[PDB]
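Colleague: below is the sequence, then the experimental coordinates.
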Amino acid sequence: XXXXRXXX
Amino acid sequence: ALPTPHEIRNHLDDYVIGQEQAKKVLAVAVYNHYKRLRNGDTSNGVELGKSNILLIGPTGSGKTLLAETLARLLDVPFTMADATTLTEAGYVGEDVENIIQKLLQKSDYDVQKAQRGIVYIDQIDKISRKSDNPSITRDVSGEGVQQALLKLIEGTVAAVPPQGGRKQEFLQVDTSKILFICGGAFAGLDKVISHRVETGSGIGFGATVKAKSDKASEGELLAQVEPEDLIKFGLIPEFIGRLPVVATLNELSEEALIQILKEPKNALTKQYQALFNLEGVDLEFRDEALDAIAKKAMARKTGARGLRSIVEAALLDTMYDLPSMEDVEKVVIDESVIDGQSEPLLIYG
Amino acid sequence: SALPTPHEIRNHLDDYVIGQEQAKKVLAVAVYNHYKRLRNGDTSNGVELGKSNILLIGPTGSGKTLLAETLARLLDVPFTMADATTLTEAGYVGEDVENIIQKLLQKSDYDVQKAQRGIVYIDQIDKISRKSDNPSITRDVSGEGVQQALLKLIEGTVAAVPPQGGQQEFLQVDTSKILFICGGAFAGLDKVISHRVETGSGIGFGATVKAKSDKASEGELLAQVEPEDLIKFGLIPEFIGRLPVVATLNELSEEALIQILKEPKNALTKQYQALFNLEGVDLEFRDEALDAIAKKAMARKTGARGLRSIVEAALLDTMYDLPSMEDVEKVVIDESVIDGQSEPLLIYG
Ligand SMILES: Nc1ncnc2c1ncn2[C@@H]1O[C@H](COP(=O)(O)OP(=O)(O)OP(O)(O)=S)[C@@H](O)[C@H]1O
Ligand SMILES: Nc1ncnc2c1ncn2[C@@H]1O[C@H](COP(=O)(O)OP(=O)(O)OP(O)(O)=S)[C@@H](O)[C@H]1O
């Protein structure tokens, strides 16, 4: 549904 | 008849101590909420305005305590939600609409009784933007939550699954008259106000260098707060505009902690007294020990909730051995016991 | 209906743990008092009875995780061991705080009234302690955010859990009465405490300098911990206020290591004794070998967990050719065997 993709 | 600010405040004083300005704001709001709904569709001054509340104070000041104690005396429905679990634009977490759904559980799906309810939110600081400028990338637990609440606070239609559903039956519930009580201990706000208020920011002769440890008192600093200060914190002006009222609390005074353990009914001293009452053992707490505990608690800078560490650390040995002991009818804890240089006196039958 | 006492439960944990008299007292008082708050059914004058969580702190391999494991055996009420390394701020892909609750219900057979009185344990809590300045630049999904989410879980709330994972319905379970025992070896906590206790750099003429004569001992130093010290480490004051009690554990000692191999039933010495019992061979361990093993383990700076490397590295050659050998009924390990100068003597039946 919702993708929480984050990279430091 | 209806209650009054003096009567509702007298009730909260039994459960809360040392918060004068905070009790006044909630009393006027609750006292005014009955007036707005009662005058709805019967007063010529139609489209009555609304005024939400935004509580602010240090940790352990009594924010979450006021919401619980208020439900005891409040007649209309009340709920206790949290900002941290909300998610904007229908993501993995719960949606804004879930807040209204929890209200119907306590209201028994009474829409006419749900619109006149009150709502409370805790830990509002968790959704604040980390930086002053808007985040370049999308945020799931920040600014977006504020955006979805704008139309909610002002007033908007909502979708609520009546029974056995998450996402073909929707009940409409307006929100222009629903009250919202947001609260949260904003961390780091003292640094922002100092730059704005002190304005020194210098090293030379003409620039002033405030003497170490005699400045920016949290109690006196929050009083000078303004909406512009929260913008640098991360909140959006559109969100703060929905909450005109602001309440500035104070840090727990040394004298206040002594009263919190004696005057309230749910004090820790009364709690432990009941813990040993079933054990056939009494308890005592002399004034010489209370005043000494106040200096230890304030050093922790944690609030009223950091008091159990001082008490349980002292009564650890005593509680560990009291059940094994027999013919024990009363326990006395003098001031020395708190410092750790002595052992609590025991009285046998 | 006679409940156990601290002296009785301490005898059980003493069989599995050694040299943790300070930590065992805390778990005994909490478990003891937990049944008292549970026993009450709102039939006492005291209301809103207090809660007291526990925060275990100790070196690596000192036995923190072992205390929670053995505790669940003798414990009647449910118990869990939820890893906190994988926890993520609610609203993100990785994980939610709710997952912890779901585990508790599997142990209690989905008994809400029986799960509310359960116990919860968390490991590796230092993994979420963010070490940084105020994070204006970025938002942490596993650091500061996770700790804030936990605050709502504690002190009282209502959450949502699927019925065994799944209807589109959830069950509400209060958590005001649920106890939490968070514990994780905080690495680097000694350096921050030293600044508070040493009080000086000592590059000047007047300032005193004791670089190694008065150097702080790690064991003693943790005893002097306080909540303000943890704020520098990364913890939030709001998080520490929920955990007033603190338990500091001492490092292993040469004398303590010898008792770990003999008194506990789950000792490594007894493990290898049973490993060869099925093979029809006896095992022995003389005291001269234990004293040498203790010195080698302390140098590794790993604790009790760094003991198998000393044993298995020595008995590698012996175990490799033990099955092929015949008529061997007993084995003796001398001090020289640990040093590697000689080989372990073998006996023939
Ligand atoms: N004014 C007060 N009078 C008496 N006890 C208080 C008061 N304020 C706090 N306490 C004590 O502190 C406990 C916790 O109070 P809270 O309302 O949770 O403080 P808090 O500021 O809301 O914490 P937050 O918002 O999660 S940072 C209460 O259960 C009381 O025991
Ligand atoms: N007091 C003790 N007596 C006997 N064995 C112990 C003791 N403490 C630790 N051990 C051994 O160490 C193993 C692991 O102990 P742990 O509880 O994991 O230590 P720890 O402090 O939890 O390390 P962390 O926190 O997981 S890094 C146990 O399975 C035992 O074999």
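Modeller: The structure has been received and is ready for your questions. Residues are numbered from 1 along each chain as shown, chains lettered A, B, ... in the order given. Ligands and ions are numbered 1, 2, ... in the order given.
Colleague: contacts, neighbours, all on C-alpha from now
Modeller: Noted.
Colleague: residues from the stretch 1-150 of chain B in reach of ligand 1?
Modeller: B:16-18, B:58-65 (CA under 6 Å from any ligand atom).
Colleague: make a PyMOL selection of whichever of these turn out to be buried.
Modeller: To isolate the buried ones among those in PyMOL, judged by 16 or more other CA atoms under 10 Å in any protein chain shown, type:
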select buried, chain B and resi 16+17+18+58+59+60+61+62+63+64
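Colleague: among the residues of the stretch 1-150 of chain B next to ligand 1, which lie within strands?
Modeller: Among those, no member is found in strands (DSSP state E).
Colleague: export the residues of the stretch 1-150 of chain B next to ligand 1 as CSV, with columns for distance to ligand 2.
Modeller: Output for these, formatted as CSV (distance: CA to the nearest ligand atom, whole Å):
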residue, distance to ligand 2
B:16, 40
B:17, 41
B:18, 41
B:58, 32
B:59, 29
B:60, 30
B:61, 33
B:62, 34
B:63, 35
B:64, 33
B:65, 35
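Colleague: closest to residue B:118 out of the residues of the stretch 1-150 of chain B next to ligand 1?
Modeller: Relative to residue B:118, the closest of these is residue B:64; by CA to CA it sits at 14.8 Å.
Colleague: which ones are touching the residue nearest to residue B:221 when sequence neighbours are not counted?
Modeller: Using CA to CA, 6 or more residues apart in numbering or on different chains and skipping residues adjacent in sequence, the residue nearest residue B:221 is residue B:190, 6.9 Å away. Listed by CA atoms under 8 Å, 6 or more residues apart in numbering or on different chains, the contact partners of residue B:190 are B:216, B:218, B:221-222.
Colleague: what does residue B:330 give?
Modeller: Residue B:330 makes contact with B:281-284, B:346-348 under the criterion CA under 8 Å, 6+ apart.
Colleague: where exactly do the strands run in the stretch 51-200 of chain B?
Modeller: For the stretch 51-200 of chain B, applying DSSP state E, counting those that start in this stretch gives strands covering B:53-56, B:81-82, B:118-122, B:179-183.
Colleague: list the helices and strands the third one packs on?
Modeller: Under the contact definition 3 or more CA pairs under 8 Å, 6 or more residues apart in numbering or on different chains; DSSP states H and E, strand B:118-122 sits against strand B:81-82, strand B:179-183.
Colleague: swap in the last one?
Modeller: Secondary-structure packing of strand B:179-183 (3+ CA pairs under 8 Å, 6+ apart): strand B:53-56, strand B:118-122.
Colleague: the second one now?
Modeller: Contacts defined by 3+ CA pairs under 8 Å, 6+ apart place strand B:81-82 against strand B:118-122.
Colleague: ok, and what's touching the strand it packs on?
Modeller: B:64, B:67, B:76-83, B:178-184.
Colleague: of these, just the buried ones, PyMOL syntax please.
Modeller: Buried subset of those, written as a PyMOL selection, criterion 16+ other CA under 10 Å:
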select buried, chain B and resi 64+67+77+78+79+80+81+82+83+178+179+180+181+182+183+184
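Colleague: what about the helices in the stretch 51-200 of chain B?
Modeller: Ranges of helices in the stretch 51-200 of chain B, per DSSP state H, counting those that start in this stretch, are B:63-73, B:97-107, B:111-114, B:143-154, B:189-197.
Colleague: what's next to the shortest one, contact-wise?
Modeller: Spelled out, it's helix B:111-114. Helix B:111-114 is contacted from outside by B:76-77, B:103-104, B:107, B:173, using CA under 8 Å, 6+ apart.
Colleague: can you redo those residues as JSON lines with distance to residue C:305?
Modeller: Converted to JSON lines, these look like this (distance: CA to CA, whole Å):
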{"residue": "B:76", "distance to residue C:305": "58"}
{"residue": "B:77", "distance to residue C:305": "55"}
{"residue": "B:103", "distance to residue C:305": "52"}
{"residue": "B:104", "distance to residue C:305": "54"}
{"residue": "B:107", "distance to residue C:305": "56"}
{"residue": "B:173", "distance to residue C:305": "60"}
